[PDB]
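# Notes for the structure review
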Amino acid sequence: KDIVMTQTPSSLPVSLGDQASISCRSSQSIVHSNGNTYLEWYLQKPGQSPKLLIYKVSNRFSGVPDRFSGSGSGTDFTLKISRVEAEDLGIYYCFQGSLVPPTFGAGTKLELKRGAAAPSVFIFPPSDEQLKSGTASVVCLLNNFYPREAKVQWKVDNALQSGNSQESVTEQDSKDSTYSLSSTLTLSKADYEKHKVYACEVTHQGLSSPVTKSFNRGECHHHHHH
Amino acid sequence: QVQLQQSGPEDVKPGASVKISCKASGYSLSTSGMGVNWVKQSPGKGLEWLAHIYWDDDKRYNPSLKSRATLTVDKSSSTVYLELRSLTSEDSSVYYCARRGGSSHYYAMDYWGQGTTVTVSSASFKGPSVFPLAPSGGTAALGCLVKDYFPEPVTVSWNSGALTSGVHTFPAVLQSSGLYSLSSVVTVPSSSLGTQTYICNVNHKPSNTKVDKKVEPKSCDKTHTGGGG
């Protein structure tokens, strides 16, 4: 009646030319009462609609390369890509249309594997213009790193922040396959001027130890200010 | 010549309704075995099936919609319509129609529409405030904070498109205020900061606003660095 499709893994880093395997397990039998199993695989590339790859568990849709194959026994199903090409990158979805409501897996993002790369880290104090409006945004930038996993911690006068920041991450870059990330700490002007030292500490596999970028508010020099 | 074309994007207030369309070409909606699925895709919610209408005009709906959806097909235009009532922010998504391709392909969704973005929010259309991220191995990063706008998208270019290398424009994030915010950054030679002009161009067509913000060096910076490897 209510089928959950458990699709694994959620992301799959692969080298071009390598074999890739994606599994999908249904929470119970998806054999229709007519004996058929309506299991389908879709691929959605960025900026595009999903496209049909395989229907009825193992049938290749017309125009789909034979390097794609599907199989399935019981409640376990598998999509196999014998040799991954660049155009195969994107998010794969399994789908059962045997029982109502039809349901999708959560998706598997096929990504390009590469060597670890440390981020270049930058910090930006709020602009004078923004402060005049009563808000302070502090921005921490992580440039060109791999893999995607990174830890960014905001600290204000050594106090660890939580709940007042938001992160944004780019997709894999088309040339070097790295990611970039921005973290924005947002405070009222009043709260921002309550404290002296603003810091973001970055933990990443590419770094031997975490890197910190910081600034001292009210500064950049002078004796007598301003 | 089989094709599905959907209506344009929609921005709407909570509690309101939305009616989106799906026009089919190259085949007949009345062909035995054919049907039209509606599916939505959300940022972290993947794909969910919504509703289906069959060639014989039989209609089925996902219980999760709580009877808020209605399918109509007026067979003049070979167009199917999906109406969703009493919207909230959780209805914000990309909505697709797709053809259930009959017995020959075991009712697989072989052809899809281009998708329709539905954004449900109480925020009014509003242009962004643009603030500089002042520049600070011989490489410096600078950029612009594009804050408090609605709806998506904005377009950001540097020096009217002359500067493209090392540019990163981040996906917008929805703030708790119902407004979007993003940053665009670029890395440049630090020796260029005194003499090269850097201008972010921010276009926001929904509010018909264009902003050019020059980003200037800070005059002094004391950014400290600790740890690392």
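Please refer to the structure higher up on the page.
Note on numbering: residues are counted from 1 along each chain in the order of its written sequence, which can differ from the entry, and residues with no coordinates are hidden. A letter from A marks each chain and a number from 1 marks each ligand, given out in the order of writing. Side-chain measures here rest on the full set of heavy atoms in the structure, leaving out hydrogens and waters.

## Some points on the nonpolar core
The nonpolar side chains of a soluble globular protein tend to be buried, and buried together. The biggest cluster of nonpolar side chains holds 39 residues, and the ones touching the most others in it are A:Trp41, A:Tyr42, A:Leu53, A:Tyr92, A:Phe104, A:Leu110 and B:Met109. With 26 residues, the next largest nonpolar core counts B:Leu65, B:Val73, B:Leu82 and B:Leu87 among its residues. For the purposes of this section, nonpolar cores are sets of buried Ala, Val, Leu, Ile, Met, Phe, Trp, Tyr and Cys residues that join through side-chain atoms within 4.5 Å. For every residue, the accessible area (1.4 Å probe, protein chains only) is compared with the maximum for its type, and the residue is labelled buried under 20%, exposed over 50%, or partly exposed between those bounds.

## Focus: the interface of chain B and chain A
We call two residues in contact when some of their heavy atoms are within 4.5 Å. Between chain B and chain A, the residue contacts involve 49 residues of the former and 51 residues of the latter. Where chain B abuts chain A, roughly 4,300 Å² becomes buried across the two surfaces, and 63% of that area is made up of carbon and sulfur atoms. When a carboxyl oxygen of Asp or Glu lies within 4 Å of a side-chain nitrogen of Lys or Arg, that pair is called a salt bridge. On the surface where chain B and chain A come into contact, there are 2 salt bridges. When the shortest N-O distance is used, the salt bridge between B:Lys222 and A:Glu219 registers 3.5 Å. The term polar contact refers here to a pair of N or O atoms within 3.5 Å; inside protein, the definition further demands a hydrogen-donor-capable atom paired with an acceptor-capable atom, and it admits residues adjacent in sequence only when both atoms are side-chain atoms. At the junction of chain B and chain A, the tally comes to 19 residue pairs in polar contact. Numbering of helices and strands starts at the N terminus; helices are DSSP runs of H or I of at least 4 residues and strands are runs of E of at least 2. Looking at the side of chain B that touches chain A element by element, the count peaks at 5 residues for strand 13 (residues 139-149) of chain B. Just so you know the grouping, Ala, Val, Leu, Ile, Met, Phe, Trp, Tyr, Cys and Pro go in nonpolar, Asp, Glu, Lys and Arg go in charged, and all remaining residues, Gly too, go in polar. A per-class count over the side of chain B that touches chain A returns 22 nonpolar, 21 polar and 6 charged. Once two parts are put together, the accessible area they lose, assessed with a 1.4 Å probe and summed over both, is termed the buried area.

## Considerations on the state of the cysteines
In what follows, a disulfide is any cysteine sulfur pair within 2.5 Å. Scanning the entire structure with this criterion turns up 4 disulfides over all chains. Linked covalently through their sulfurs, A:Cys140 and A:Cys200 form a disulfide whose S-S length is 2.0 Å. Judged by the torsion about the S-S bond (70°), the A:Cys140/A:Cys200 disulfide is right-handed. Remark: A:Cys200 occurs in strand 18 (residues 197-203) and A:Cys140 occurs in strand 13 (residues 135-145); sequence separation between them is 60 residues. A:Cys200 carries the same exposure label as A:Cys140, and that label is buried. Through a disulfide, B:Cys144 is tied to B:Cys200; the S-S separation comes to 2.4 Å. Given an S-S torsion of about -90°, the disulfide between B:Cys144 and B:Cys200 has left-handed geometry.

## Focus on unusual backbone geometry
For the bond running from A:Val100 to A:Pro101, omega is 0°, close enough to zero to count as cis. Along the chain, the position of A:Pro101 falls in the loop between strand 9 (90-96) and strand 10 (103-104). Note that the residue after B:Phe150, namely B:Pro151, is joined by a cis bond; omega there is -5°. At B:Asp57, a residue that is not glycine, the phi angle is positive and equals roughly 70°. Structurally, B:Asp57 can be placed in the loop between strand 5 (46-54) and strand 6 (59-61). Given the relative accessible area of 34%, B:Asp57 is considered partly exposed. With phi around 55°, B:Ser78 is a residue other than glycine that occupies positive phi space.

Note that every value here comes from positions in space, so none of it alone points to a role or purpose.
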